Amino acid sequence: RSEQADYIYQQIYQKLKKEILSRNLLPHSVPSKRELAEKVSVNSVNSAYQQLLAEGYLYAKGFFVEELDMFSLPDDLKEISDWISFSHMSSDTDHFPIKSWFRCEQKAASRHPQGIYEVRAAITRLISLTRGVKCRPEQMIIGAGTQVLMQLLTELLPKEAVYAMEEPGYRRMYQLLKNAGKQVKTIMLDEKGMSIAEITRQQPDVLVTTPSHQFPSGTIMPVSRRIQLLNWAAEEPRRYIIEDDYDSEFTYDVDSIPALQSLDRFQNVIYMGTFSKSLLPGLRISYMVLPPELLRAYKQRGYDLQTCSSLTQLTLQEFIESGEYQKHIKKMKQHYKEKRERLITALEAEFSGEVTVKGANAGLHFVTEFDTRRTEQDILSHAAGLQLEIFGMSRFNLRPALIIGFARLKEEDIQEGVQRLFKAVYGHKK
């Protein structure tokens, strides 16, 4: 009567449901609305009956019961700290100017499947100046992360396309391609990156490459190799190059290197870019630039829906157009440059010449080889059991070596983290 939790019409229709289900109120067999009403309003019983009648528990004495057929988590799946992390995955709530982001969002509220046009135009403007990427906003597709866009691209590309990826390379993308039923050839690297020698031997249709900063090996692909790939694609129709530009704004000794696509004169390179390592933690905004022919193939689908929220897009635009973004990148560049030096100094201290640091002075990771003893597994297990998040290089197969990411590493925890690493590398006692 108090109607706490549920109103009276809800309590009556819930009971009638339950009693219809248990068969206590048998098929085709109910009181008049007034009859049931006559210690509750007719309004209540009308509401109940309406419910029951909309749902199929009753049929239009008064009304009649429907006649419904009778009806014909494991511990290990449940979800269960003070960790230091050398993970290459994402960055951190470091020195992200979050107050300015919110301001831009505020402002953005005051102020299309491929993403909003003005946002696309804001991104296109940026990458022309920052990457030498040549495109019209019509060519850009925005997406909630690169994986969403890579899925779409595998559909826009021809169905039997043979993909070739870098070995070692980005395992996550190899998995996506593998899942999508594609044949994926793997191409070893030489000192210049993805080998055009083996791209010639094995014959693929679609290369996947990280020429600004090879993932994971950290090598920058020199222009001589870039031209060689660009020429290989330009002969024979239906050869494509997916350029995975995941970290190219961060180069510490030189200006960012113009994108592979900037040298393409034959519209064979699909430029894939991302803000996922540049904005707030947990936000994934990526984009890709389709050559005319693939934009057409997208155009003729027409059923795709945009994965980034409108307000997130507009916030990004405001961030870019206010100048806050360029300002942000410039500070972060300076902070990572220093965090990298500091990390490498600590590594040089603890390991001396027993560590070899590999890869370019760029991005948010490098590679680290160690003068033997233990297997990759030994180190990982040892490190796992010390609250240090680390990944071995063998993960990127498609003397033990690890990838060391420093994006989501706090500067305070560098020394402790390196010592934990040393402990892991050489498995010591107490």
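In this text, residue numbers run from 1 along the sequence as written.
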Exercise. If you count the residues of the deposited sequence that sit between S72 and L73 but have no coordinates, do you get none, 1 to 3, 4 to 9, or 10 or more?
Worked result: 4 to 9
For this session: Classify the number of deposited-sequence residues missing from the model between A54 and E55: none, 1 to 3, 4 to 9, or 10 or more.
Result: none
Exercise. Between 152-160 and 83-91, which has the higher average C-alpha B-factor in the PDB entry?
Worked result: 83-91
For this session: Name the higher of the two by mean Cα B-factor in the PDB entry, 180-188 versus 137-145.
Result: 180-188
Problem set entry | Candidate residues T315, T210, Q300, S217, the one whose C-alpha B factor the record puts highest | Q300
For this session: Can you pull the Cα B-factors for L364, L68, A60, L402 from the entry and say which is highest?
Result: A60
For this session: Tell me, lowest, middle or highest third: where does the Cα B factor of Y170 rank within its chain?
Result: lowest
Exercise. Lowest, middle or highest third of the chain for the C-alpha temperature factor of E354?
Worked result: middle
For this session: Select lowest, middle or highest to describe the third in which the CA B-factor of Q106 falls within its chain in this entry.
Result: highest
Problem set entry | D255 by Cα B-factor - lowest, middle or highest third of the modelled chain | lowest
For this session: Determine, from the deposited record, the chain-internal third of the Cα B-factor for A346: lowest, middle or highest.
Result: middle
